[PDB]
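Read through the structure below, which is laid out as structure tokens, and then see the notes.
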Amino acid sequence: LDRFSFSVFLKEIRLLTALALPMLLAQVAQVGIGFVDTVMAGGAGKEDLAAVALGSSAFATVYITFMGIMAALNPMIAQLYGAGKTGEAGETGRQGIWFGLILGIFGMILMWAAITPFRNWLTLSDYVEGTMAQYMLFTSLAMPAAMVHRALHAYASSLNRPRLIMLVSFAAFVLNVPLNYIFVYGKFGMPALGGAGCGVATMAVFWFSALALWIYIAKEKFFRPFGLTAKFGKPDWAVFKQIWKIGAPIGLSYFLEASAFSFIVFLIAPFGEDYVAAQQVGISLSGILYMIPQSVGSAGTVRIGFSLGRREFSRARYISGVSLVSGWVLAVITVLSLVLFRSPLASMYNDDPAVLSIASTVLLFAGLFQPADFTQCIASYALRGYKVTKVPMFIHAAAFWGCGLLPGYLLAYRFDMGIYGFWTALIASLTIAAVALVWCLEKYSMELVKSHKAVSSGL
Amino acid sequence: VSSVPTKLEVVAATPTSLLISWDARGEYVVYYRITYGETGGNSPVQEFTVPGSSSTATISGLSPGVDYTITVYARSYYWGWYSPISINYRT
Ligand SMILES: [Cs+]
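Chains as they are written, first to last, in our numbering: chain Y, 2 to 460; chain V, 1034 to 1124.
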């Protein structure tokens, strides 16, 4: 009852040389795709009522939420990289690429049901509607979430020495941007539908980086067992049913930051209108270079699950520190330039226009939650990311939101400039992960005693 | 003229039975014997036996939580044994 998180610090020997630097080029290719993104936010500005994201950040609902499921394989296929067969890691790498198109045709069918924002209960940027050329980004860009799941199954088989996605998802963006505007209005091209057709154009390049997979059964021995990807063997064949509860717990836990989308976007329109909606040139600068952060461990989450088959029990989970804390070096030594700097005159009028004449009550959470979370789910990308342990890691997250229910109506009821004050027990909801998890990363690298059942050998 | 099947690991039981996941870099001529006792001294030693690069095997671990100790056995060139190795950590 002083520390029921046991032998804390020790994740150290001479680990200075834990070199998962190619597990950052798992997410420097993710600035590469995070960044077509705005060159059609500000490409479909040619059209001015092309505020068009109007679906595109409420489509990336059943992208990144089904995504979790899919990026939930990174164990599966790293972990059996201390087995032998990429083709039974690939009869999975298929059975999922079935999923990665099976759930992908729900991405692609649930999107259908979707389109009835023809609805109302409160303020603008969440009800109104007269002219919707959104109608069709809702479909010319909601028809993709099939070919777009296999085109993430992809890096869910980058788990074993390649970042030949940083290769493609960079030539991907650039082939899109030319192609992006062709439809907004273009050449010989179908040159018309543009407010939607940025999106027909973006989703164009999904299907193209869906066969940036096909185009890499290319530089070495296979990952292609795409024989009939079917299943049946019991009532429902696993290596599939297996991904199931690496699935539910991932997405539904990507469904923290999924309500952190109906939180941060339900506190701009009390009487707070003005710079309380510019709490998003802020929190989209969370997204922005929170990604390369965050996702070092959702890139690291290999060199841990991978090195459990490769039977090094915490010769991984005590590198699950030495990488926990190494961008955690820059988790805090650039939470520095976060609460520090602002939208100066480098910010003209880009991703969500509001730069010249508003407040900094916005860098006030650029520390709050910022480094006391930075990492605290790059924990899970080595919990989940190592083990089973997203099972109720899930309920990691049934707190970081239900612990953060009342630091909702805790700016609206406040003591001072409480802008960052519903970021109260939602930066304290959000460092009871500095416990809950790296609590099970020392129940847990202390299961790689219990697991490592002979301590060494002879000569 | 050599030394043992020289890795050691038992990851989990099925705490009646148990997995025994140990070295085998090829074989030799090839063969394995694997002892089958507690460290009690009573309850005689018994025998499992395997082939290929297959000391990476698993037990019938009948009896309960009690301390168990078990070794495996090279077999090579001379139809005899090229060295043995054990740990003892039970249910
Ligand atoms: Cs996020």
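By construction, the Cβ of each residue, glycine as well, lies at the ideal position given by its N, Cα and C atoms.
Which same chain residues end up closer than 6 Å to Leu-160 of chain Y when comparing Cβ atoms and leaving out the 5 residues on each side of it in sequence?
Hits under 6 Å: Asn-75, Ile-78, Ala-79, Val-303.
For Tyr-1122 of chain V, go through chain Y and note every residue whose CB falls closer than 8 Å to its CB, in chain order.
Within chain Y, the residues near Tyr-1122 of chain V are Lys-454, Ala-455.
Could you tell me whether any non-hydrogen atom of ligand 1 is closer than 7 Å to the CB of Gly-283 of chain Y?
No, Cβ of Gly-283 of chain Y sits at least 7 Å from all heavy atoms of ligand 1.
Comparing the CB of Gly-288 of chain Y with every heavy atom of ligand 1, is any distance shorter than 7 Å?
Yes, ligand 1 has a heavy atom inside 7 Å of this Cβ.
Using C-beta distances below 6 Å, list every residue in its chain close to residue 1 of chain Y, excluding the 5 sequence neighbours before and after it, in chain order.
Because chain Y here runs from 2 to 460, residue 1 of chain Y falls outside it and cannot be looked at.
Verify the contact flag: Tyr-291 of chain Y, CB atom, against every heavy atom of ligand 1, threshold strictly below 7 Å.
Yes, Cβ of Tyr-291 of chain Y sits closer than 7 Å to a heavy atom of ligand 1.
With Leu-1052 of chain V as the anchor, note down where its beta strand (DSSP E) starts and where it stops.
Start and end: 1050-1054.
Quick one: is the Cβ of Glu-258 of chain Y within less than 7 Å of any heavy atom of ligand 1?
Yes, the Cβ of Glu-258 of chain Y comes within 7 Å of a heavy atom of ligand 1.
Report the neighbours of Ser-263 of chain Y on chain V: residues whose CB is nearer than 7 Å to its CB, in chain order.
Result: empty, since nearest Cβ-Cβ is about 42 Å, beyond 7 Å.
Mind listing which residues of the region 1035-1047 of chain V have their C-beta closer than 8 Å to chain Y's C-betas, in chain order?
Of all residues in the region 1035-1047 of chain V, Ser-1036, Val-1037, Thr-1039, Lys-1040, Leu-1041, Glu-1042, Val-1043, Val-1044, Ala-1045 have a Cβ within less than 8 Å of some Cβ in chain Y.
Going along chain V in order, which residues have a C-beta closer than 9 Å to the C-beta of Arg-312 of chain Y?
In chain order: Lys-1040, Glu-1042, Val-1044, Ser-1054.
I need the straight-line Cα distance from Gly-228 of chain Y to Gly-43 of chain Y, nearest angstrom please.
Whole-angstrom Cα-Cα distance: 42 Å.
Count the other CB atoms, across all protein chains shown, that sit within 10 Å of the CB of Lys-222 of chain Y; report buried if there are 16 or more and exposed otherwise.
With fewer than 16 Cβ atoms within 10 Å of its Cβ, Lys-222 of chain Y is classed as exposed.
Would you please verify whether the beta carbon of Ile-1118 of chain V is less than 8 Å from any beta carbon of chain Y?
So, interface residue.
Counting only runs of 4+ residues fully inside the region 3-61 of chain Y, write out the alpha helix (DSSP H) ranges in chain order.
Listed in chain order, the complete alpha helix (DSSP H) runs (minimum 4 residues) inside the region 3-61 of chain Y are 32-35, 54-60.
So the candidates are Y:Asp-352, Y:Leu-412, Y:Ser-452, Y:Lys-444; which of them puts its Cα closest to the Cα of residue 1 of chain Y?
There is no way to answer for residue 1 of chain Y, as the model of chain Y reaches only from 2 to 460.
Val-340 of chain Y and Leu-364 of chain Y - do their beta-carbons sit closer together than 8 Å?
A contact, by the Cβ cut-off of 8 Å.
For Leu-176 of chain Y, I'd like the list of residues in its chain whose CB is within less than 7 Å of its CB, leaving aside the five on either flank, ordered along the chain.
Closer than 7 Å at Cβ, skipping near neighbours: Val-206, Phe-209.
Please list the partners that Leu-460 of chain Y has in chain V, where partner means a Cβ-to-Cβ separation under 9 Å.
What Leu-460 of chain Y touches in chain V: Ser-1036, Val-1037, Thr-1039.
Which residues in the same chain have their Cβ closer than 8 Å to the Cβ of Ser-6 of chain Y, if we skip the five residues on either side of it in sequence?
Excluding sequence neighbours, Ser-6 of chain Y sits near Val-436, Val-439, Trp-440, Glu-443.
Give, in chain order, every unbroken run of the beta strand (DSSP E) that is at least 3 residues long and sits entirely within the region 1055-1103 of chain V.
For the region 1055-1103 of chain V, whole beta strand (DSSP E) runs of length 3 or above, ordered along the chain, are 1065-1067, 1081-1083, 1089-1091.
Under 8 Å between the Cβ atoms of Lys-454 of chain Y and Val-1044 of chain V?
In contact: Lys-454 of chain Y and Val-1044 of chain V (Cβ atoms closer than 8 Å).
How would you call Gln-371 of chain Y, buried or exposed, if buried means at least 16 neighbouring beta carbons within 10 angstroms?
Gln-371 of chain Y should be labelled buried.
Can you name the residues that DSSP bridges to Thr-1047 of chain V?
DSSP, once it has assigned bridges, lists V:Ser-1050 as partnering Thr-1047 of chain V.
According to DSSP, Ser-1119 of chain V sits in a beta bridge with which residue or residues?
According to DSSP, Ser-1119 of chain V bridges with V:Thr-1104.
Using only the alpha-carbon positions, how far apart do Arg-343 of chain Y and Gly-283 of chain Y sit?
When rounded, the distance between both Cα atoms is 9 Å.
Please return the same chain residues whose Cβ sits closer than 7 Å to the Cβ of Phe-401 of chain Y, not counting the five positions on each side in sequence.
Answer for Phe-401 of chain Y: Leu-257, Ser-430, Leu-431, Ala-434, listed in chain order.
Check each candidate in V:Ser-1093, V:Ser-1088, V:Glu-1080 and name the one with the smallest Cα separation from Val-1037 of chain V.
Taking only the C-alpha atoms, the option nearest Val-1037 of chain V is V:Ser-1088.
Which of helix, strand or coil does DSSP assign to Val-297 of chain Y?
Residue state, collapsed to three classes: helix.
In this structure, does DSSP put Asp-275 of chain Y in helix, strand or coil?
It is helical.
Give the DSSP-derived three-state secondary structure of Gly-69 of chain Y in the structure shown.
Helix at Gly-69 of chain Y.
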